[PDB]
């Protein structure tokens, strides 16, 4: 009945701020290992409705070309109709939300773009228990995919999900594939990972332990992929293909991503919302690649839903 209490919210808040700090530190170690000096600069801000956030943004880097790791903890006054549809008892409640969202675009085409999010929503009414749920996930967006990295990414997700239930990875992996689909291109955005929302089916502390496992799991899975490819050479053609593929990432976020669109429509903090867009992206008319090329294999093989771990 109690959970989440204000003490529970504070524990989640402290976890999220520390996770933001540790993700920035781990990625910054990669920037410095490649001879860079760019940092995830802190921009703290406040919302008049209440609360605020800490944005940490690295630009013009040597290894991380652009990255944002974004914390917020705010009062909520507008929700998408789906949330109120899926949870009708939040109507007329005081609500708050807290989370970390991140998108990292490496300079080297041999390291994928990646994204993660972990968040908690709580709606409180007089004489009613709080209504709450968590959401989050992580996902990998390659340009020159490496089979072993895709398997290790999915194995990391499978292993962190296992203690919560033998069905959790399968459900959240499928949800990630279903969500990150670019309908007008008939392509997946990437090679997937985990995605979930409306998570309140386990007791509160089990759900908080899950978002810890997902957030920490993103960091522990992404750093080895940086380390593997940081110094790997690439050609000007591969840079051009990366910029062309980044145009697909912009198309997903501006046409399909529910959080981005809701934020743009309701007067959210536009510069923090659109930190997910890469520093540079390209579009060209009707390019072609040869049948046996890695560029063609990216869309023919990797950007379709696949049973990477052979579970089925």
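Numbering follows the first chain given and starts at 1.
In this entry, 116-124 shows the higher mean Cα temperature factor of the pair 208-216 and 116-124.
Look at the mean CA B-factor for 253-261 and for 30-38 in the entry; the higher one is 30-38.
In the deposited coordinates, the residue among 229, 172, 185, 86 with the greatest CA B-factor is 86. Within the group 47, 286, 245, 269, the record's highest C-alpha temperature factor is found at 47. Per the PDB record, residue ranking by Cα B-factor puts residue 108 in the lowest third of the chain. In this PDB entry, residue 224 carries a Cα temperature factor that places it within the middle third of its chain's modelled residues.
In the deposited entry, the Cα temperature factor of residue 234 sits in the top third of values across the chain's modelled residues.
Sort the chain's modelled residues by C-alpha temperature factor and residue 152 lands in the middle third, per the entry. In the deposited entry, the Cα temperature factor of residue 141 places it in the lowest third of its chain's modelled residues.
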